[PDB]
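Q: Just one file: model.txt, with compact mmCIF, C-alpha atoms.
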```
# COMPACT_ATOMS: atom_id res chain seq x y z
CA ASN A 1 138.57 167.39 53.41
CA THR A 2 138.08 164.78 50.67
CA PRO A 3 136.09 165.49 47.48
CA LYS A 4 132.71 163.78 47.23
CA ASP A 5 133.60 161.75 44.16
CA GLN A 6 136.56 160.31 46.06
CA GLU A 7 134.43 159.64 49.15
CA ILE A 8 131.96 157.64 47.06
CA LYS A 9 134.75 155.82 45.21
CA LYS A 10 136.31 154.92 48.56
CA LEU A 11 132.98 153.54 49.86
CA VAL A 12 132.55 151.46 46.72
CA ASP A 13 136.15 150.21 47.03
CA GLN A 14 135.52 149.27 50.64
CA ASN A 15 132.24 147.43 50.09
CA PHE A 16 132.09 146.20 46.46
CA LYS A 17 135.70 145.78 45.37
CA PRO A 18 136.39 142.92 47.89
CA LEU A 19 133.61 140.91 46.23
CA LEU A 20 135.77 140.57 43.09
CA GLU A 21 138.46 138.57 44.89
CA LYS A 22 135.99 136.81 47.22
CA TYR A 23 133.88 135.40 44.37
CA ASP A 24 136.52 135.39 41.59
CA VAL A 25 134.51 137.89 39.54
CA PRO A 26 136.26 139.10 36.36
CA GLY A 27 134.52 142.46 35.99
CA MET A 28 132.18 144.85 37.78
CA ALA A 29 130.56 148.19 37.21
CA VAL A 30 129.09 150.19 40.10
CA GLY A 31 127.30 153.47 39.66
CA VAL A 32 125.86 155.89 42.21
CA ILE A 33 123.60 158.81 41.43
CA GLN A 34 123.15 161.42 44.15
CA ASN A 35 121.34 164.74 43.68
CA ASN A 36 121.48 164.26 39.87
CA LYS A 37 125.28 163.76 39.93
CA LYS A 38 126.49 160.44 38.49
CA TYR A 39 129.55 158.53 39.76
CA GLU A 40 130.80 155.56 37.74
CA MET A 41 133.25 152.94 38.99
CA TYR A 42 134.62 150.18 36.72
CA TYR A 43 136.67 147.20 37.88
CA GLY A 44 138.30 144.28 36.17
CA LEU A 45 137.77 142.82 32.71
CA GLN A 46 134.77 142.44 30.45
CA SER A 47 136.73 139.67 28.65
CA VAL A 48 139.43 137.82 30.53
CA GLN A 49 141.03 136.32 27.42
CA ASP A 50 141.08 139.65 25.55
CA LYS A 51 142.35 141.57 28.60
CA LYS A 52 139.57 144.08 27.82
CA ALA A 53 138.76 146.39 30.73
CA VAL A 54 135.23 146.99 31.93
CA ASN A 55 134.32 150.54 30.96
CA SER A 56 131.40 152.85 30.22
CA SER A 57 130.68 150.98 26.96
CA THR A 58 130.54 147.49 28.50
CA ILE A 59 127.20 145.76 27.93
CA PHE A 60 125.95 143.43 30.68
CA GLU A 61 122.96 141.07 30.87
CA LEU A 62 120.37 142.36 33.35
CA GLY A 63 118.54 139.11 34.03
CA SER A 64 115.35 139.74 36.00
CA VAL A 65 116.10 143.48 36.16
CA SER A 66 114.70 143.26 32.61
CA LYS A 67 111.29 143.05 34.32
CA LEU A 68 111.59 146.72 35.28
CA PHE A 69 111.56 147.68 31.61
CA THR A 70 108.61 145.35 30.96
CA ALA A 71 106.80 147.00 33.86
CA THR A 72 107.58 150.44 32.44
CA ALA A 73 106.31 149.37 29.01
CA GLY A 74 103.10 148.13 30.66
CA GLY A 75 102.67 151.43 32.51
CA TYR A 76 103.21 153.22 29.22
CA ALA A 77 100.58 151.22 27.35
CA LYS A 78 98.11 151.54 30.24
CA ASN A 79 98.38 155.31 30.46
CA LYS A 80 98.16 155.52 26.64
CA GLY A 81 94.80 153.70 26.84
CA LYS A 82 96.12 150.64 25.00
CA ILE A 83 95.43 148.29 27.96
CA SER A 84 93.67 148.20 31.29
CA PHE A 85 95.26 146.20 34.08
CA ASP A 86 91.77 144.75 34.66
CA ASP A 87 91.86 143.21 31.17
CA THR A 88 92.60 139.55 30.63
CA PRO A 89 95.19 138.24 28.15
CA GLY A 90 92.63 136.74 25.73
CA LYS A 91 91.51 140.28 24.88
CA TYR A 92 94.84 140.67 23.05
CA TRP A 93 96.11 137.14 22.35
CA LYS A 94 92.84 135.77 20.94
CA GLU A 95 94.00 132.14 20.95
CA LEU A 96 93.75 132.31 24.77
CA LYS A 97 90.05 133.18 24.77
CA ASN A 98 87.90 130.48 26.42
CA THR A 99 90.90 129.11 28.35
CA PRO A 100 91.40 129.11 32.13
CA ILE A 101 94.26 131.64 31.93
CA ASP A 102 91.89 134.13 30.36
CA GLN A 103 90.44 134.47 33.89
CA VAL A 104 93.65 136.13 35.14
CA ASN A 105 93.97 139.88 34.76
CA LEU A 106 97.05 141.70 33.44
CA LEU A 107 98.02 143.09 36.84
CA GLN A 108 97.89 139.61 38.32
CA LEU A 109 100.15 138.35 35.55
CA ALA A 110 102.56 141.23 36.09
CA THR A 111 102.69 140.71 39.90
CA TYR A 112 102.80 136.88 39.89
CA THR A 113 99.38 136.09 41.43
CA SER A 114 97.76 133.89 38.77
CA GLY A 115 97.85 130.99 41.25
CA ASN A 116 99.64 128.41 39.09
CA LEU A 117 102.68 129.74 37.21
CA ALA A 118 106.07 128.36 38.17
CA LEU A 119 109.42 130.13 38.15
CA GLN A 120 110.51 129.13 34.64
CA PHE A 121 109.15 127.97 31.36
CA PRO A 122 109.83 124.23 31.04
CA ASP A 123 113.06 123.59 29.13
CA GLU A 124 111.13 121.96 26.28
CA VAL A 125 109.04 125.11 25.74
CA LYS A 126 110.93 126.89 22.95
CA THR A 127 108.70 127.72 19.99
CA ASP A 128 105.82 130.17 19.83
CA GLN A 129 103.42 127.24 19.43
CA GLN A 130 104.85 125.51 22.49
CA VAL A 131 104.35 128.72 24.48
CA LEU A 132 100.76 128.96 23.22
CA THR A 133 100.21 125.32 24.21
CA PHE A 134 101.83 125.94 27.59
CA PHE A 135 99.36 128.71 28.35
CA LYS A 136 96.37 126.86 26.87
CA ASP A 137 97.07 123.84 29.10
CA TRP A 138 97.25 126.12 32.14
CA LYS A 139 94.69 125.38 34.82
CA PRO A 140 94.21 127.32 38.05
CA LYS A 141 95.51 125.81 41.26
CA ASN A 142 95.22 128.47 43.94
CA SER A 143 92.46 131.07 43.86
CA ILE A 144 93.49 133.73 41.35
CA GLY A 145 95.04 136.77 43.01
CA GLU A 146 95.49 135.12 46.43
CA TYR A 147 99.09 133.88 46.26
CA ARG A 148 102.33 135.37 44.94
CA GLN A 149 104.69 132.94 43.17
CA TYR A 150 107.58 134.64 41.39
CA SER A 151 107.30 133.55 37.78
CA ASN A 152 109.08 134.34 34.54
CA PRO A 153 106.26 132.97 32.31
CA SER A 154 103.77 135.12 34.25
CA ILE A 155 105.47 138.41 33.47
CA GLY A 156 106.50 137.11 30.05
CA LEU A 157 102.83 136.75 29.13
CA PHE A 158 102.23 140.25 30.50
CA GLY A 159 105.00 141.60 28.27
CA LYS A 160 103.71 139.74 25.21
CA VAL A 161 100.24 141.21 25.82
CA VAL A 162 101.63 144.73 26.30
CA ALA A 163 103.43 144.32 22.98
CA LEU A 164 100.30 143.05 21.20
CA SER A 165 98.37 146.06 22.51
CA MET A 166 101.01 148.36 20.99
CA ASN A 167 100.97 146.52 17.63
CA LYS A 168 104.72 145.78 17.61
CA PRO A 169 107.01 142.97 18.79
CA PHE A 170 108.24 143.36 22.35
CA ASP A 171 111.86 143.87 21.27
CA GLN A 172 110.63 146.82 19.19
CA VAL A 173 108.47 148.14 22.01
CA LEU A 174 111.60 148.46 24.14
CA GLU A 175 114.14 149.40 21.49
CA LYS A 176 112.03 151.89 19.52
CA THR A 177 109.68 153.32 22.15
CA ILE A 178 110.63 152.76 25.80
CA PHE A 179 114.43 152.95 25.73
CA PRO A 180 114.43 156.20 23.67
CA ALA A 181 111.75 157.75 25.90
CA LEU A 182 114.01 157.03 28.88
CA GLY A 183 117.06 158.44 27.08
CA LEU A 184 118.89 155.10 26.97
CA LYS A 185 121.40 154.80 24.13
CA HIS A 186 123.03 151.37 24.63
CA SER A 187 120.29 149.17 25.97
CA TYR A 188 119.10 146.24 23.91
CA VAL A 189 116.96 143.19 23.68
CA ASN A 190 119.18 142.05 20.77
CA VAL A 191 122.72 143.39 20.82
CA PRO A 192 123.66 144.45 17.26
CA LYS A 193 126.78 143.26 15.47
CA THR A 194 128.31 146.75 15.82
CA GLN A 195 128.13 146.40 19.61
CA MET A 196 129.33 142.82 20.04
CA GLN A 197 132.84 144.09 20.82
CA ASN A 198 131.30 145.77 23.87
CA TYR A 199 129.17 142.82 25.03
CA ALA A 200 130.95 141.30 28.02
CA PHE A 201 131.43 137.62 28.31
CA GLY A 202 129.50 136.17 31.19
CA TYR A 203 131.44 133.79 33.40
CA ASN A 204 130.02 130.65 34.93
CA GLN A 205 130.93 129.25 38.34
CA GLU A 206 134.03 127.64 36.79
CA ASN A 207 135.05 131.07 35.37
CA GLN A 208 134.41 129.86 31.86
CA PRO A 209 133.09 132.46 29.40
CA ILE A 210 129.40 131.99 28.46
CA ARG A 211 126.43 134.16 27.41
CA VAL A 212 122.64 133.98 27.81
CA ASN A 213 121.09 131.98 25.01
CA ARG A 214 117.98 130.00 25.96
CA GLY A 215 114.27 130.40 26.52
CA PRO A 216 111.44 131.18 24.15
CA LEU A 217 111.04 134.58 22.55
CA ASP A 218 108.29 135.40 25.10
CA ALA A 219 110.82 135.04 27.94
CA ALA A 220 112.54 138.25 26.83
CA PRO A 221 110.21 140.41 29.00
CA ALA A 222 111.39 138.41 31.98
CA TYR A 223 115.17 138.39 31.45
CA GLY A 224 116.17 139.44 27.91
CA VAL A 225 117.56 142.99 28.35
CA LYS A 226 121.23 144.04 28.12
CA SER A 227 122.52 147.45 29.16
CA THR A 228 125.50 149.56 30.23
CA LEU A 229 126.27 151.26 33.50
CA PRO A 230 125.62 154.77 32.08
CA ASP A 231 122.26 153.62 30.74
CA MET A 232 121.24 152.03 34.04
CA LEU A 233 122.21 155.21 35.88
CA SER A 234 119.99 157.12 33.45
CA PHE A 235 117.18 154.67 34.21
CA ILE A 236 117.64 155.27 37.93
CA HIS A 237 117.63 159.02 37.24
CA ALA A 238 114.31 158.61 35.42
CA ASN A 239 112.85 156.74 38.40
CA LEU A 240 114.11 159.42 40.80
CA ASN A 241 112.84 162.32 38.63
CA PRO A 242 109.80 161.19 36.61
CA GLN A 243 108.49 164.78 36.58
CA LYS A 244 111.39 165.63 34.24
CA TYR A 245 110.05 163.38 31.49
CA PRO A 246 107.20 163.64 28.96
CA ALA A 247 103.72 162.83 30.26
CA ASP A 248 103.44 159.32 28.81
CA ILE A 249 106.73 157.92 30.14
CA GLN A 250 106.32 159.95 33.34
CA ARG A 251 102.99 158.24 33.99
CA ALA A 252 104.54 154.88 33.05
CA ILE A 253 107.36 155.32 35.58
CA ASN A 254 104.91 156.34 38.30
CA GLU A 255 102.80 153.25 37.51
CA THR A 256 105.81 151.04 38.32
CA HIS A 257 106.20 152.76 41.71
CA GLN A 258 102.67 151.96 42.89
CA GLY A 259 102.60 149.21 45.49
CA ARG A 260 99.88 146.66 44.69
CA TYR A 261 99.94 144.32 47.70
CA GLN A 262 102.27 143.19 50.48
CA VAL A 263 103.99 140.04 51.55
CA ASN A 264 105.18 140.83 55.07
CA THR A 265 107.52 143.86 54.80
CA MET A 266 107.77 143.76 51.01
CA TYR A 267 105.44 145.79 48.81
CA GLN A 268 105.10 144.35 45.31
CA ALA A 269 105.02 147.20 42.81
CA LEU A 270 105.12 146.72 39.04
CA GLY A 271 108.51 145.14 38.45
CA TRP A 272 110.05 146.92 41.42
CA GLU A 273 109.99 145.67 44.97
CA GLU A 274 109.05 148.47 47.35
CA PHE A 275 109.79 149.02 51.05
CA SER A 276 109.14 151.56 53.74
CA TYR A 277 112.19 153.76 54.13
CA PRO A 278 114.38 153.53 56.19
CA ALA A 279 114.36 149.80 55.63
CA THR A 280 116.24 147.44 57.90
CA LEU A 281 118.89 145.36 56.19
CA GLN A 282 116.93 142.22 57.10
CA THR A 283 113.80 143.58 55.40
CA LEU A 284 115.79 143.91 52.18
CA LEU A 285 117.42 140.48 52.62
CA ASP A 286 114.02 138.88 53.29
CA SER A 287 112.76 140.01 49.88
CA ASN A 288 115.33 137.67 48.34
CA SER A 289 114.86 134.75 50.79
CA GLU A 290 114.01 131.26 49.56
CA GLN A 291 110.56 131.67 51.15
CA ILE A 292 109.70 134.77 49.13
CA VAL A 293 111.46 133.95 45.84
CA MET A 294 110.79 130.23 45.48
CA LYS A 295 107.54 129.46 47.31
CA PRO A 296 103.94 130.68 47.02
CA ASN A 297 102.98 133.24 49.66
CA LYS A 298 99.57 134.64 50.52
CA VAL A 299 99.34 138.33 49.66
CA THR A 300 97.67 140.96 51.83
CA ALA A 301 96.28 144.34 50.95
CA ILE A 302 98.47 147.33 51.62
CA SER A 303 97.68 148.81 55.02
CA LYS A 304 100.44 151.38 55.53
CA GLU A 305 100.85 153.19 52.25
CA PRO A 306 104.47 154.34 52.79
CA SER A 307 104.98 158.03 52.12
CA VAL A 308 108.75 157.58 52.37
CA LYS A 309 109.86 154.52 50.47
CA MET A 310 112.65 152.81 48.60
CA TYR A 311 112.73 150.32 45.73
CA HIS A 312 115.07 147.61 44.54
CA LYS A 313 115.45 144.66 42.20
CA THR A 314 118.00 141.89 41.80
CA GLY A 315 118.65 140.08 38.57
CA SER A 316 120.87 137.27 37.37
CA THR A 317 121.63 135.18 34.33
CA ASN A 318 123.96 132.19 34.17
CA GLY A 319 126.97 134.47 33.81
CA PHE A 320 125.87 137.86 35.14
CA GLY A 321 124.62 139.62 38.26
CA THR A 322 122.65 142.87 38.64
CA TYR A 323 121.29 144.93 41.51
CA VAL A 324 119.51 148.28 41.29
CA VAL A 325 118.18 150.32 44.22
CA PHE A 326 116.89 153.87 44.68
CA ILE A 327 115.51 156.06 47.46
CA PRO A 328 113.42 158.97 46.15
CA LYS A 329 113.46 161.26 49.13
CA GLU A 330 117.24 160.88 49.59
CA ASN A 331 117.68 161.62 45.84
CA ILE A 332 120.03 158.66 45.59
CA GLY A 333 120.36 155.31 43.88
CA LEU A 334 122.89 152.65 42.97
CA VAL A 335 123.49 150.08 40.21
CA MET A 336 125.80 147.03 40.35
CA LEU A 337 126.60 144.96 37.24
CA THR A 338 128.92 141.95 37.26
CA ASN A 339 129.92 139.40 34.65
CA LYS A 340 129.75 136.59 37.19
CA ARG A 341 126.92 135.84 39.60
CA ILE A 342 127.50 136.60 43.26
CA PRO A 343 124.97 135.90 46.03
CA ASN A 344 122.07 138.32 46.09
CA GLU A 345 122.65 138.93 49.80
CA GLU A 346 126.14 140.26 49.11
CA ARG A 347 124.79 142.68 46.52
CA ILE A 348 122.11 143.96 48.88
CA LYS A 349 124.51 144.21 51.83
CA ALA A 350 127.20 146.07 49.89
CA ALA A 351 124.71 148.55 48.44
CA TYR A 352 123.15 149.07 51.89
CA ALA A 353 126.55 149.88 53.37
CA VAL A 354 127.44 152.33 50.57
CA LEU A 355 124.11 154.17 50.49
CA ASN A 356 123.88 154.54 54.25
CA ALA A 357 127.43 155.92 54.50
CA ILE A 358 127.27 158.51 51.70
CA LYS A 359 127.05 161.98 53.18
CA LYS A 360 123.69 163.67 52.59
```
Before we go any further, please render this structure as structure tokens.

A:
Amino acid sequence: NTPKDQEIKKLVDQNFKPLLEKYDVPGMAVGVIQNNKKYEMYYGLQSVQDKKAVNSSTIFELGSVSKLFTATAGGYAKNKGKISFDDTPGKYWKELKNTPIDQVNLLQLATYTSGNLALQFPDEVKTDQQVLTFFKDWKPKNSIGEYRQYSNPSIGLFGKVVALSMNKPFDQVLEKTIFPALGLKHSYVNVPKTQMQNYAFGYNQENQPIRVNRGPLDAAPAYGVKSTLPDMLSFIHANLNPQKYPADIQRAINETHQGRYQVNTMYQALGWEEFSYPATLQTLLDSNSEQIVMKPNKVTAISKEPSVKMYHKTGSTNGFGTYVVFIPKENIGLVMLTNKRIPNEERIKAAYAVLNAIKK
């Protein structure tokens, strides 16, 4: 006999701990939640030069996992009657009325099907006026709704519009409404001075300390959130148990679980990627392939609406890596946070190995 917490720690040691030496990663946090029990595993240093250990207070950058909070905020505003996903952005950002982008609906912005939005804002797009000009000069390429092209400006505009519909800045939408509704205590769009001692350095591919800095304000819905391992386990708990939360945030969480279309084996939900469960490892790897992440792909309507499903999301910044995954009917999920990027495939593979080996 070996206690469960030790069995899970041994599986994380076997599958995630070797990644630290393999990719010269300073620090890592891995959390598993199973049947509402949380297991937290911390490795390495949040700051190499300060010899400061990663711990339950360490704040990491979530990168594109930030989009899951934007999606939740959108689900919240929709089920509060503040927006319809059939609305267009010019209904809320009036300067976009009578522009081509005002033909694209909010759901299409949130799920990357406008037809002509690239992965990033151009480097020169920094001010609010440059963002306005960027979207005013947008013209459709592909037929709207036909093609998925993963796009930070696309979901950034969605987040800006959600915020406008709630009459507050997006940072306030998350920090004053969504994070508290989810019970998160150390999640931020802007880390306060009192928490800077807990904000890990990111480390670039030369193991030099860095931190996210760039992009316009309206990129924050795409990659601007920072959080801790306990907070991300609470967020997974909320996604596994939405019925335990008040009606408004319950409905918001459920909105993010609804698949909207497919590209091959991947269901695009709001923020989350969704898959039939059990999913093959290759299905999960394909979601992060160059073909899916970097190129436009024709979308198809959902045919099989999976009763039994799983969800995941990767995220990265220059100096950080994130992976979150959960499986509702196995009552289980996992979060990985690192302060150095490692290949997405390694994150997915390690999590797959751990989750499949944990005893039910």

Q: Skipping near chain neighbours, those fewer than 4 positions away, what residues fall within 9 Å of segment 123-137 of chain A using only C-alpha atoms, listed as number ranges by chain?

A: A: 95-96, 99-101, 157, 214-218

Q: Excluding residue 281 of chain A and any residue of its chain fewer than 5 positions from it, enumerate the residues within 10 Å of it, using only C-alpha atoms, and give them as a list in words.

A: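 The neighbour list is residues 286, 345, 348, 349, 352 and 353 of chain A.
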
Q: Need the shell around residue 275 of chain A: protein/DNA/RNA residues with any atom at most 6 Å away, counting all atoms listed in the file. Skip same-chain ones fewer than 5 positions apart. Format as a PyMOL selection string?

A: chain A and resi 266-267+309-310

Q: If you measure from atom CA of residue 188 of chain A to atom CA of residue 31 of chain A, what distance in Å do you get, rounded to one decimal?

A: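 Those two atoms sit 19.2 Å apart.
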
Q: At what distance in Å, to one decimal, does atom CA of residue 278 of chain A lie from atom CA of residue 308 of chain A?

A: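 Separation of atom CA of residue 308 of chain A and atom CA of residue 278 of chain A: 7.9 Å.
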
Q: I need the residue nearest residue 27 of chain A from this list: A:52, A:347, A:329, A:312. Use all atoms listed in the file for the distance.

A: A:52

Q: If we count all atoms listed in the file and set the cut-off at 12 Å, which residues sit around residue 346 of chain A, ignoring sequence neighbours fewer than 2 positions away in its own chain? Please answer as a list in words.

A: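 Selected residues are residues 15, 16, 17, 18, 19, 20, 22, 23, 281, 284, 285, 288, 314, 321, 322, 323, 336, 341, 342, 343, 344, 348, 349, 350, 351, 352 and 353 of chain A.
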
Q: Restricting the output to C-alpha atoms, write the selected residues as a PDB file, in the frame of the given file.

A:
```pdb
ATOM      1  CA  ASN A  15     132.240 147.430  50.090  1.00  0.00           C
ATOM      2  CA  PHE A  16     132.090 146.200  46.460  1.00  0.00           C
ATOM      3  CA  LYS A  17     135.700 145.780  45.370  1.00  0.00           C
ATOM      4  CA  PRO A  18     136.390 142.920  47.890  1.00  0.00           C
ATOM      5  CA  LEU A  19     133.610 140.910  46.230  1.00  0.00           C
ATOM      6  CA  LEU A  20     135.770 140.570  43.090  1.00  0.00           C
ATOM      7  CA  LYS A  22     135.990 136.810  47.220  1.00  0.00           C
ATOM      8  CA  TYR A  23     133.880 135.400  44.370  1.00  0.00           C
ATOM      9  CA  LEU A 281     118.890 145.360  56.190  1.00  0.00           C
ATOM     10  CA  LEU A 284     115.790 143.910  52.180  1.00  0.00           C
ATOM     11  CA  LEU A 285     117.420 140.480  52.620  1.00  0.00           C
ATOM     12  CA  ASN A 288     115.330 137.670  48.340  1.00  0.00           C
ATOM     13  CA  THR A 314     118.000 141.890  41.800  1.00  0.00           C
ATOM     14  CA  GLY A 321     124.620 139.620  38.260  1.00  0.00           C
ATOM     15  CA  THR A 322     122.650 142.870  38.640  1.00  0.00           C
ATOM     16  CA  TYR A 323     121.290 144.930  41.510  1.00  0.00           C
ATOM     17  CA  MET A 336     125.800 147.030  40.350  1.00  0.00           C
ATOM     18  CA  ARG A 341     126.920 135.840  39.600  1.00  0.00           C
ATOM     19  CA  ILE A 342     127.500 136.600  43.260  1.00  0.00           C
ATOM     20  CA  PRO A 343     124.970 135.900  46.030  1.00  0.00           C
ATOM     21  CA  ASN A 344     122.070 138.320  46.090  1.00  0.00           C
ATOM     22  CA  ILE A 348     122.110 143.960  48.880  1.00  0.00           C
ATOM     23  CA  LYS A 349     124.510 144.210  51.830  1.00  0.00           C
ATOM     24  CA  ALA A 350     127.200 146.070  49.890  1.00  0.00           C
ATOM     25  CA  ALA A 351     124.710 148.550  48.440  1.00  0.00           C
ATOM     26  CA  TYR A 352     123.150 149.070  51.890  1.00  0.00           C
ATOM     27  CA  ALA A 353     126.550 149.880  53.370  1.00  0.00           C
TER      28      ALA A 353
END
```

Q: Go ahead and compute the interatomic distance for atom CA of residue 264 of chain A and atom CA of residue 298 of chain A, in Å to one decimal.

A: 9.5 Å

Q: Could you tell me, as a list in words, which residues have any atom at most 8 Å from (99.5, 128.2, 35.2), counting all atoms listed in the file?

A: residues 101, 114, 115, 116, 117, 118, 135, 137, 138, 139, 140 and 141 of chain A

Q: Between A:252, A:181, A:163, A:59, which is the closest to residue 196 of chain A once you count only C-alpha atoms?

A: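 Of A:252, A:181, A:163, A:59, the one nearest residue 196 of chain A is A:59, counting only C-alpha atoms.
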
Q: Could you name the residues that touch segment 69-76 of chain A at 7 Å or less, counting only C-alpha atoms, but leaving out those on the same chain fewer than 2 positions away, as a list in words?

A: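 Neighbouring residues, sequence-local ones excluded: residues 66, 67, 78, 79, 80, 159, 162, 178, 221, 248, 249, 251, 252, 253, 255, 256, 270 and 271 of chain A.
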
Q: Out of A:88, A:190, A:64, A:198, which residue has the shortest atom-to-atom distance to residue 47 of chain A when counting all atoms listed in the file?

A: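 Among the listed residues, the smallest separation from residue 47 of chain A belongs to A:198.
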
Q: May I ask which of the residues A:354, A:292, A:53, A:337 is the closest one to residue 11 of chain A, counting only C-alpha atoms?

A: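 Counting only C-alpha atoms, the residue closest to residue 11 of chain A is A:354.
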
Q: Counting all atoms listed in the file, which residue out of A:330, A:305, A:61, A:274 sits closest to residue 224 of chain A?

A: A:61

Q: Using all atoms listed in the file, which residue out of A:5, A:50, A:206, A:273 lies closest to residue 313 of chain A?

A: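 Of all the options, A:273 lies closest to residue 313 of chain A.
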